[PDB]
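Every number here is computed from the coordinates shown, using simple stated rules; none is lab data. Ideal geometry is used to build each Cβ from the backbone, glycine not excepted, and the neighbour counts take in all protein chains shown.
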Amino acid sequence: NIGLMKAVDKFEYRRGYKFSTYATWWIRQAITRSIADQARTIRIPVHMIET
DNA sequence: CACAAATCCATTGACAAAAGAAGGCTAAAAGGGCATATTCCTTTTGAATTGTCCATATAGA
């Protein structure tokens, strides 16, 4: 939801794409940045979890 | 019992190692930005309290 608020603060309908198509990127980005940042007890940075 | 010499404690001085810093670097860590469409999760025993009827006492009709 926090990512969703991020998206709604930046949804652009002039381009004319349906909302869900645009909000999905932000919601997946938020959930994944979350899981990387706060799922380990000994946190490891984002780039390292991507590796 | 005084005078002559070897043996101690102190500064000069320089010299090398060592550490505190500083800059220059580079690995790394953290942001930010993504636009065909995504729409509601997977064993008993006992005591004490709480919510449920029962006795009953009283107040109107």
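The residue that is surrounded by the fewest Cβ atoms within 10 Å (Cβ to Cβ), among those in the range A:1-15 that are within 10 Å of DNA strand B (Cβ to nearest atom) and of a type outside the set (D, E, K, R), is A:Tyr13. Comparison of A:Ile2, A:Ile27, A:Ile49, A:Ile35 shows that the only residue that is hydrophobic (A, V, I, L, M, F, W, C) and over 13 Å from the mean Cα position of the chain (by Cα) is A:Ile49.
Residue-by-condition table, conditions (1) more than 9 Å from DNA strand B (Cβ to nearest atom); (2) free of Cβ contacts under 8 Å to residues at least 60 places away in the same chain; (3) on the phi < 0 side of the Ramachandran plot; (4) not in a loop (DSSP other than H, G, I, E, B):
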{"position": "A:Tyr17", "(1), (2), (3), (4)": "no, yes, yes, no"}
{"position": "A:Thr24", "(1), (2), (3), (4)": "no, yes, yes, yes"}
{"position": "A:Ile31", "(1), (2), (3), (4)": "yes, yes, yes, yes"}
{"position": "A:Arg43", "(1), (2), (3), (4)": "no, yes, yes, no"}
{"position": "A:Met48", "(1), (2), (3), (4)": "no, yes, yes, yes"}
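Restricting attention to the range A:16-39, the residues that are surrounded by 11 or more Cβ atoms within 10 Å (Cβ to Cβ) and among the basic types (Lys, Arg) add up to 2.
If I ask for residues that are under 8 Å from A:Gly3 (Cβ atoms) and touching an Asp or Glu at 6+ places or on another chain (Cβ under 8 Å), which ones from the range A:17-51 would you list? Answer for the range A:17-51, where residues must be under 8 Å from A:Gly3 (Cβ atoms) and touching an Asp or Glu at 6+ places or on another chain (Cβ under 8 Å): there is none. Filter the range A:1-15 down to the residues that are of a type in the set (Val, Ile, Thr) and without any contact (Cβ under 8 Å) to a residue 24 or more places away in the chain and list them by number. A:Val8, the sole residue that qualifies.
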